[PDB]
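Undergrad: Dumping the structure here so I can ask a few things about it.
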Amino acid sequence: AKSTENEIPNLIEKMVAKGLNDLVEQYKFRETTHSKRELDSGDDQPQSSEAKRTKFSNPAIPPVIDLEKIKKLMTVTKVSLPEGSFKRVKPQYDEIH
Amino acid sequence: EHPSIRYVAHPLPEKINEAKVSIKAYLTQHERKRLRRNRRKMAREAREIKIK
Amino acid sequence: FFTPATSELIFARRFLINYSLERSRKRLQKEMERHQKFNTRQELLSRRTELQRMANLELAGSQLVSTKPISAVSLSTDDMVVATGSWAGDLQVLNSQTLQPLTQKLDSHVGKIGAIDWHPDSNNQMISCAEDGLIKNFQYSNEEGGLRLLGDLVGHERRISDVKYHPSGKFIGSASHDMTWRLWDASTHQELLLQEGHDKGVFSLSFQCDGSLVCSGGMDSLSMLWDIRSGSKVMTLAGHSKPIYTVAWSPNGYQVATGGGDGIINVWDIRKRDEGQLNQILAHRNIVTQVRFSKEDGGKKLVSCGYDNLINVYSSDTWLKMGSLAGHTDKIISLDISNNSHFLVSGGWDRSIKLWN
Amino acid sequence: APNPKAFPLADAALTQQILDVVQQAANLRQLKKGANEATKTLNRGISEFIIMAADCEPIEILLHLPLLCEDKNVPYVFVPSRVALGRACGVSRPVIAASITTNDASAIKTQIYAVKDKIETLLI
C-alpha cells in the first residue's frame, strides 16, 4: 500500500505500464498477478526499473501525452555553432528557429 | 504436584514460514491475442501520430 | 500456556500414571536382567540368524480383497487373523496363514478406512478409523458371523488418520487431519484429551508400550512425544521435512521410530538426553507408509513398507536395509508383523493382502 | 479457506507445477477440462492424472471424481484456485476438473510422469 502511495498512480494505465515493464524483464506465462499491484511491484523489484517505462508507456498506449507536448526537440544538426539553440516540428514542415 | 495432573495444555502451534511463490497466472489464447492486438495497435497509432 | 481442565481425565490420568509407572519399572528391570546375563557371541549369532531369516522371506500368499486399495492391515493380538480396511469403508478379516475371508462389512464406514487396531486384551474388540469421521469398536466372533459393532465415537470434525489402543486397553487414541489427537475412554466411549499442538493435522499416533508417552506425528513434520498424564512434550520436529505419515515405538520404550514422506525413517528418543538419532534410515525411494517393530512378542526388528513397491527390514541396533521384500506389484500402504515369528502381512494399492514366509 | 473434503489438496509449489503441466498438455492437446470430460477420460482409461478445484462450490459436484480415481487407480489432486486452473487450461471461465491424458509419444511425457509421482506421494 505504501509503495502504491508514493510512486504509483494505480489506474488502468499504470497497470498496463507495469505489465509492459515486467514483459521487458523477460516474463513468459503472464509474469505474476496483482492483488493490489503491490505484489507485482515486489516481484519487479529484482528487475529494478520501474517508473521510466510509464514515461514511455503513456506516450504509446495512447499518444495524448504526445499531442499535449506538440501543443520542441533539437538534434546536433549541421552548423549548430553551437550558439544556435532551437528546433520545432510540425506536419507541413520541419520548422527550425 | 511438580508436574500437575489437573490441567490440559494447548501449546503454541509453530507455523512454518511458507515461501510465497507468486503464481504464474497464465492467459487464454484469446486473451493473448487481445494483448498482442492492442499493444501492436497502440504502437501503430503512435507511429502514425509521430509521423502525421 | 492456555491451561483448563476436566474431571474424567483426572480420574483416568492417575490410573494411567500408576499403570504406566509399574509397567515401566518392570520393563527397566527386564532390561537390566538382559544386560546382566548377555554375552558377545551367542546373542549376536541369534541376531544374525534373525536378520538372515528376515532377508530370505518371500511372498507366500497374495489374497485380494476389495474394489479400492487396502488402507490398513492389522494382525490380531492372538496373531491368528488379520483385519484389512480398504478405502471403500470395509474391513474384511482373514485367517492369516491361509488368508481366506471370514465376512465383509461395507455398511460400516462410508469414507476411506484409516487404520484398524486390535484390542490388546485378547478379547477381540478391534477399533478402526476413517475419513468418514468416526471410529468404531467391533466385537469380533470367529463363530457368530464376523463383526458386530459395539460403539461409535464422534469427537473429531475432519477425517481421521490413525487410531491406536493404549496398552492398558482402557484407552484408544485417535489422530486426524484436524489439528488434534484425542484419547478416548474405552468403556463409556467418551473423550478426554485434545492436544491442539500442530499447524496441520495429526497424521499418526503411537503409544509407548510401557504406557507413558505418545508420539503424535503431524502433517507439519512435528513429531511430539506427549506424556499423557502431564500434557507435556519431549519433541523433535527436526526429524522430518515432509509429513510424518507414521510413527511406532520399539516396544522396549528405549526408542520411537517415525516414518516419513521424505522417506527417511527417523528413530529417536533415547536414554541420551541430547535426543540425537543413533541413526536416520533411508527406507523407501518414494514415501514411507508404515513402520513396525515386533519385540512384542519376539526380538526388536524394524519393518517398514512404502509407496516404493518394497517392504524392508532393519536391525534395531544398526539400522540397516537388512533385506528388501519384492512382492507387491504396486504401492504398499500398510503392514503388520507376526508377534511371535517371521510372518508379515502387508497390503496396499495392489489391492491385495500378502504374506511373507 | 479451502474445503476439508477436497483432499488431497496440493501445496503451493506442487500446485504451480501441476498447473504448468496442465498448460503444457493444453498446448499439446493432451488435456481435457471439465468434470464430465474428466469422468469420460477415467472411463476410457486415458486419464494419467486428475486435477480438481478445491474452491469448487458446491464441492459435491467434483467429489465423485476422486472416488472414480480411487476405483481406477489414477492419482489425483485438488489445486486451490478454479480460476487459476481454468487459465492454465486456456479458458477464461473458471474450471473445476481437468485430466491430463495419456500418450506415450508426448514431448511432455517425462514432466507429466513427475507430476503423477508427486500426486501419488500426496495420497497415502
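Residue numbers (the entry's author numbering), protein chains in the order written: chain B, 363 to 433, 439 to 464; chain G, 210 to 261; chain H, 109 to 465; chain K, 3 to 126.
Ideal placement from N, C-alpha and C gives every residue a C-beta, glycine not left out.
Note down, in chain order, every chain K residue with its Cβ under 9 Å from the Cβ of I232/G.
TA: For this step, residue 232/G is matched to residue 23 along the second sequence. Ordered by position in chain K, the residues that pass the 9 Å Cβ test against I232/G are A14, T17, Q18, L21, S83 and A86.
Undergrad: Pull up the distance between the alpha-carbon of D438/H and that of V76/K, whole angstroms please.
TA: Locating residue 438/H in the third sequence gives position 330, counting from the first residue. Locating residue 76/K in the fourth sequence gives position 74, counting from the first residue. Approximately 12 Å, taken between the alpha carbons.
Undergrad: Determine the DSSP secondary structure at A228/G, reduced to helix, strand or coil.
TA: For the purposes of this step, residue 228/G is identified with residue 19 of the second sequence, where counting begins at 1. It is coil, neither helix nor strand.
Undergrad: Can you check the stretch 34 to 115 of chain K for any alpha helix (DSSP H) of at least 4 residues that lies completely inside it and give the ranges in chain order?
TA: The qualifying runs are 37 to 46, 67 to 74 and 84 to 91.
Undergrad: For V386/B, which residues does DSSP report across the bridge?
TA: Walking along the first sequence from the start, residue 386/B turns up at place 24. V386/B is not bridged to any residue.
Undergrad: Can you name the start and end residues of the alpha helix (DSSP H) that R248/G belongs to?
TA: Taking the second sequence and counting its residues from 1, the one referred to as residue 248/G is at position 39. Note, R248/G: alpha helix (DSSP H), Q238 to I258.
Undergrad: Under 8 Å Cβ-Cβ, which residues of chain K neighbour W289/H?
TA: By 1-based counting over the third sequence, the position of residue 289/H is 181. Going along chain K, no residue has its Cβ under 8 Å from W289/H, so there is no contact; the nearest lies around 17 Å.
Undergrad: Evaluate the contact criterion for the stretch 281 to 301 of chain H versus the stretch 417 to 428 of chain B: three or more CB pairs, one atom per stretch, below 8 Å.
TA: Not touching, per the Cβ criterion.
Undergrad: Rounded C-beta distance between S340/H and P212/G? I'm assuming under 8 Å.
TA: The count along the third sequence starts at 1 and reaches residue 340/H at position 232. The count along the second sequence starts at 1 and reaches residue 212/G at position 3. Going by Cβ atoms, the distance from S340/H to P212/G rounds to 6 Å, so yes, they are a contact pair.
Undergrad: Please list, in chain order, the chain G residues whose beta carbon lies closer than 7 Å to that of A422/B.
TA: Taking the first residue of the first sequence as position 1, residue 422/B is located at position 60. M251, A252 and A255, listed in chain order.
Undergrad: Can you find the residues in the same chain that come closer than 7 Å, C-beta to C-beta, to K7/K, ignoring five residues on each side of it along the sequence?
TA: Reading the fourth sequence from its first residue, position 5 is the one you call residue 7/K. Result list for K7/K: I61 and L65, in chain order.
Undergrad: Rounded to whole angstroms, what's the CA-CA distance from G36/K to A100/K? Just pull it up for me.
TA: As a working note, residue 36/K is residue 34 in the fourth sequence. As a working note, residue 100/K is residue 98 in the fourth sequence. So the alpha carbons of these two residues sit roughly 5 Å apart.
Undergrad: Beta-carbon of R121/H versus every beta-carbon of chain G: anything under 7 Å?
TA: The count along the third sequence starts at 1 and reaches residue 121/H at position 13. With 7 Å as the cut-off, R121/H counts as an interface residue toward chain G.
Undergrad: Just the Cα atoms here: how many angstroms apart are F110/H and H306/H?
TA: For the purposes of this step, residue 110/H is taken as residue 2 along the third sequence, with counting starting at 1. For the purposes of this step, residue 306/H is taken as residue 198 along the third sequence, with counting starting at 1. Distance between the alpha carbons of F110/H and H306/H: 15 Å.
Undergrad: Under 8 Å, with one C-beta from each stretch per pair, do the stretch 209 to 223 of chain H and the stretch 247 to 259 of chain H reach the 3-pair mark?
TA: Yes: the two stretches touch, three or more of their Cβ pairs being nearer than 8 Å.
Undergrad: Taking 7 Å as the CB-CB cut-off, is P6/K touching chain H?
TA: Along the fourth sequence, read from residue 1 onward, the residue named residue 6/K stands at position 4. Yes, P6/K lies at the interface with chain H (some Cβ there is under 7 Å from its Cβ).
Undergrad: Quick check: the stretch 67 to 74 of chain K against the stretch 14 to 22 of chain K, are there 3 or more CB pairs under 8 Å?
TA: No, the stretch 67 to 74 of chain K does not touch the stretch 14 to 22 of chain K.
Undergrad: Which residues, taken in chain order from the stretch 211 to 237 of chain G, show a beta carbon closer than 9 Å to some beta carbon of chain K?
TA: Hits within the stretch, in order: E227, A228, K229, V230, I232, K233, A234, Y235, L236 and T237.
Undergrad: Is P421/B helix, strand or coil by DSSP?
TA: Working through the first sequence from its first residue, we reach residue 421/B at position 59. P421/B: helix per DSSP, three-state reduction.
Undergrad: Contact defined as beta carbons within less than 8 Å: I believe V218/H pairs with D240/H. What is the distance between those atoms, to the nearest angstrom?
TA: For the purposes of this step, residue 218/H is identified with residue 110 of the third sequence, where counting begins at 1. For the purposes of this step, residue 240/H is identified with residue 132 of the third sequence, where counting begins at 1. That belief holds up - the Cβ atoms of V218/H and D240/H are roughly 5 Å apart, short of 8 Å.
Undergrad: To the nearest angstrom, how far is it from the Cα of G384/H to the Cα of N374/H?
TA: Within the third sequence, numbered from 1, the residue matching residue 384/H stands at position 276. Within the third sequence, numbered from 1, the residue matching residue 374/H stands at position 266. Computed Cα separation, rounded: 10 Å.
Undergrad: If we count the other Cβ atoms within 10 Å of its Cβ and call it buried at 16 or more, is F9/K buried or exposed?
TA: Locating residue 9/K in the fourth sequence gives position 7, where the first residue counts as 1. That one is buried.
Undergrad: Considering Cα atoms alone, identify which of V181/H, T344/H and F401/H is closest to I441/H.
TA: As a working mapping, residue 441/H is identified with position 333 in the third sequence. It is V181/H whose Cα lies nearest to the Cα of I441/H.
Undergrad: Hey, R392/B and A234/G: beta-carbon distance below 7 Å or not?
TA: In the first sequence, the residue the question calls residue 392/B occupies position 30. In the second sequence, the residue the question calls residue 234/G occupies position 25. Yes, the Cβ-Cβ distance between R392/B and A234/G is below 7 Å.
Undergrad: In or out: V399/H buried (at least 16 other Cβ within 10 Å) or exposed?
TA: In the third sequence, residue 399/H corresponds to position 291, counting from 1. Classification of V399/H: buried, given that the 10 Å Cβ count is 16 or more.
Undergrad: Under DSSP, the alpha helix (DSSP H) around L429/B begins and ends at which residues?
TA: The residue given as residue 429/B occupies position 67 in the first sequence. Element bounds for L429/B: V426 to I432.
Undergrad: In the DSSP assignment, find the beta strand (DSSP E) that holds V364/H and state where it starts and stops.
TA: Here residue 364/H corresponds to residue number 256 of the third sequence, with the count starting at 1. Where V364/H is concerned, the enclosing beta strand (DSSP E) stretches over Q363 to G367.
Undergrad: Starting from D405/B, find everything on chain A with Cβ-Cβ shorter than 9 Å and list it in chain order.
TA: Protein chains in the displayed structure are B, G, H and K, and chain A is not among them.
Undergrad: What separation, rounded to the nearest whole angstrom, lies between the Cα atoms of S231/G and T395/B?
TA: Working through the second sequence from its first residue, we reach residue 231/G at position 22. Working through the first sequence from its first residue, we reach residue 395/B at position 33. The straight-line gap from Cα to Cα measures roughly 7 Å.
Undergrad: Excluding the five sequence neighbours on either side, which residues of its own chain have a C-beta within less than 7 Å of the C-beta of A86/K, listed in chain order?
TA: For the purposes of this step, residue 86/K is taken as residue 84 along the fourth sequence, with counting starting at 1. The residues are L21.
Undergrad: Terminal residues of the continuous beta strand (DSSP E) containing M188/H?
TA: Walking along the third sequence from the start, residue 188/H turns up at place 80. First-last for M188/H: undefined, no H or E at that position.
Undergrad: Would you list the residues sitting across from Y127/H in a DSSP beta bridge?
TA: Within the third sequence, numbered from 1, the residue matching residue 127/H stands at position 19. BP columns for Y127/H are empty, so no partner.
Undergrad: Can you name the residues of chain G whose CB is closer than 7 Å to the CB of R337/H?
TA: Within the third sequence, numbered from 1, the residue matching residue 337/H stands at position 229. Within chain G, the residues near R337/H are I214.
Undergrad: Would you mind telling me which residues of chain G sit closer than 8 Å to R392/B, beta carbon to beta carbon, in chain order?
TA: Position 30 of the first sequence holds residue 392/B. Result: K233, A234, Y235 and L236.
Undergrad: Does the structure place the stretch 222 to 238 of chain H close enough to the stretch 190 to 204 of chain H that three or more beta carbon pairs sit under 8 Å?
TA: Enough Cβ pairs lie closer than 8 Å, so yes.
Undergrad: Which residues of chain H have a Cβ atom closer than 7 Å to the Cβ of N75/K, listed in chain order?
TA: Residue numbering aside, residue 75/K sits at position 73 when the fourth sequence is read from its first letter. By Cβ distance, chain H contributes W457.
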